[PDB]
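Structure at a glance
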Amino acid sequence: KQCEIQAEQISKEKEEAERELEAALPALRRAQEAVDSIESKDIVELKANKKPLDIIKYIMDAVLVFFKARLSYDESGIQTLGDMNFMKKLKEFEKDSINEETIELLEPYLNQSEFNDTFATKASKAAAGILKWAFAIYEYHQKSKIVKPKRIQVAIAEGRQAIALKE
């Protein structure tokens, strides 16, 4: 009977964690729909620019440290965007992979003057959508650590109920 009660509790906790993830996604889905409605005319026009603008550079340093590419060179980034899989990887990274020492080191680097959707939209029609999406990730870790515990709770509660029935 502890196995029965814990199975039901695991199911309820996993459902609640999935609901919370979908709720913190309420943004991740429109970022992702706008990232998806970006005409390609604009990304393309900007990859080719001579120097990066300071804003577009700094966003891009961290977009890249997330992606495990811990290097500050511009060239390291043009390299990473060049790929078209990036048009799908735009819709594939999940949030559970983030590490604690990473978020520890990125956080000094978020330059608040510089990051914004409408200002950054005049610099470029397409810069607008990504910003929103990174944020939907830094805004899911710990929060990812805490919400992977929440997800396991509905998820962790379902798994614990199964293990309890087995025992």
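Reading the values: the criteria
- Numbers attached to residues count from 1 within each chain as its sequence is written and can disagree with those in the entry; no residue without coordinates is shown.
- The chains in this view make up only part of a larger assembly, and the values are for that part alone.
- Note that the side-chain values use all heavy atoms of the structure and ignore hydrogens as well as water.
- Residues with missing side-chain atoms are left out of burial classes, side-chain pairs and their counts.
- Helix and strand assignments follow DSSP, with helices taken as H or I runs no shorter than four residues and strands as E runs no shorter than two, numbered in order from the N terminus.
- Any two residues having at least one pair of non-hydrogen atoms within 4.5 Å are treated as being in contact.
- Interaxial angles span 0 to 180 degrees and are taken between N-to-C directions of axes, which are lines fitted to C-alpha atoms, for helices over the stretch in contact.
- Any angle from 65 to 115 degrees is called roughly perpendicular, while one under 35 is roughly parallel, one over 145 is roughly antiparallel, and all others are oblique.
- Two helices that cross are described as forming a left-handed crossing if the nearer one is turned anticlockwise from the farther one by less than a right angle, and a right-handed crossing if clockwise.
- Polarity classes work like this: nonpolar for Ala, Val, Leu, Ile, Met, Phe, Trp, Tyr, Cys and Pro, charged for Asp, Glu, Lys and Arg, and polar for all others, with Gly in that last group.

Overview of the overall build of the chain
A count of helices and strands for the chain gives ten helices and zero strands. In the chain, the succession of helices and strands from N to C terminus is α-α-α-α-α-α-α-α-α-α. By principal-axis analysis of the C-alpha atoms, the chain measures approximately 70 × 30 × 30 Å. Pairs at least 24 residues apart make up 93% of the contacts formed inside the chain by residues separated by at least 6 positions.

Here's the deal with the packing of helix α1 (residues 2-24) against helix α10 (residues 143-166)
Packing of α1 against α10 leaves a shortest axis separation of 5 Å and a crossing angle of 160°. Taken together, the axes of α1 and α10 lie roughly antiparallel to each other. Here α1 and α10 pass one another in a crossing that is left-handed. Looking at the contact of α1 with α10 residue by residue, the class counts come to twelve nonpolar, seven polar and ten charged.

Comments concerning unusual backbone geometry
For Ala27, which is not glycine, the phi dihedral falls at a positive 155°. Look at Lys68: it is not a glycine, yet its phi comes out positive at around 75°. Counting through the fold element by element, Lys68 comes out in the loop between α4 (54-66) and α5 (74-82).

Section: the environment of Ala126
One can find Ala126 in the loop between α8 (117-123) and α9 (127-138). Sequence spacing of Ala126 and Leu46 is 80 residues, and the spatial spacing of their C-alpha atoms is 9.0 Å. Those residues in contact with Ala126 that sit more than four places away from it in its chain are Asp42 and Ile43.

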